[PDB]
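These notes concern the structure reproduced below.
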């Protein structure tokens, strides 16, 4: 999952 | 904006 | 009359048998708690006055003391978690919820403000407010044909308290509570007040920070278009929470991400990526990094809006944190992009600035960047342009840094570097 939820 | 004091 | 009383006097009066004496004493307590500087919250708690106040909340026949104690309890709940705990411990929640149906809008407002401070403390109290059934009464207060007929400040308080019922993540608000609030939240997201809007966005940003199921709950209400528009707001207070919502939604499935692209979001980025407020810029680049981690047709949408140059720009000069997000954006792009696209990325002048960032004291960014270079060579091979890329990196002095990063205390840096040299510089 490249989409990083760096939140 | 987590808590507000009514001054 | 009630200005600057001693806590001993306030105690004296609340302990009297005179409803009026108690009212005047309570108004004095309220004032102590409303002075712009260091309010004696702990001394009031210490005096054991909370049970009395909570008790005055119910005196239906004396609306004034209802208001005064409400205000008093509201400010105590405004302090530290422990102080807020004191208020919750006194039985105040069910009481404040009762005041929402008061005929006195100003006492209802107070109830709303207090429940706001309590739920705002965190997950637990938030969920305890919800278990006492505050959502229904709250939502009922906004059930009018036109929000404009409500008092500006009154409406802001509700929007604010509602945002706190959507706040915090461990755990996230109950699912059916979010479902119950959303329809009203969507309606507020269309109000003409900058505050109602900023807080509505904040609320939406909260509900969109977590699993994709949560994001879907929001996206399926068709608020993305409205968020993209607020995204173009003049007021930073609105743009900030809006950009955040948009940024969360794109951390989900590519279908959810597509919603924002379709909404027209991408057009707002040339601005956002050069925004004066560093944080808007950091959030915008981060948002972009999740758009370049999507499908190729979506990466193309980035290319089409002339955004690659803007990334090259951020990568070239910006707060370091914004650059790290830029490095990610690029590395994600060069990860799932087509050859032709990774080619374009280079013709935009991405190589030079990417290399200068290998001079950073951040081991993870160096891994991100190096990782990117690899992805570019990997596409340079399919074209045989491997040497051209090699030379290029050497022109700007990139080789003079990769060749140095073999001797870097890290493992990935160490290896990724060595491998890069070994495989492309020998």
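Counting begins at 1 with the first residue displayed.
According to its header, the structure was obtained by X-ray crystallography, 2.8 Å.
Placed from the backbone N, Cα and C atoms, the Cβ positions cover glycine too.
Some features that Swiss-Prot has for this protein:
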| type | residues | note |
| --- | --- | --- |
| REGION | C:71-167 | region 'NLS binding site (major)' |
| REGION | C:244-332 | region 'NLS binding site (minor)' |
| REPEAT | C:41-80 | repeat 'ARM 2' |
| REPEAT | C:81-122 | repeat 'ARM 3' |
| REPEAT | C:129-173 | repeat 'ARM 4' |
| REPEAT | C:175-211 | repeat 'ARM 5' |
| REPEAT | C:212-251 | repeat 'ARM 6' |
| REPEAT | C:254-293 | repeat 'ARM 7' |
| REPEAT | C:296-338 | repeat 'ARM 8' |
| REPEAT | C:339-385 | repeat 'ARM 9' |
| REPEAT | C:386-425 | repeat 'ARM 10' |
Residues from the same chain, set at least six apart from the ends of the repeat 'ARM 10' (C:386-425), whose C-beta lies under 8 A from its own: 346, 351-352, 354-356, 358-359, 363, 366-367, 370-371, 373-374, 376-377, 380
So which residues does the repeat 'ARM 7' (C:254-293) touch in its own chain, when a touch means Cβ under 8 Å and the partner is 6 or more beyond its ends? 212, 215-216, 219, 224-225, 227-228, 231-232, 236, 239-240, 243-244, 246-247, 299, 301-302, 305-307, 310-311, 313-314, 318-319, 321-322, 325-326, 328-330, 332-333, 335-337
For the repeat 'ARM 3' (C:81-122), find every same-chain residue at least 6 residues outside the stretch whose CB is under 8 Å from a CB in it, and list them. 41-42, 45, 50-51, 53-54, 57-58, 63, 66-67, 70-71, 73-74, 128-130, 132-134, 137-138, 140-141, 151, 153-154, 157-158, 160-161, 164-165, 167-168
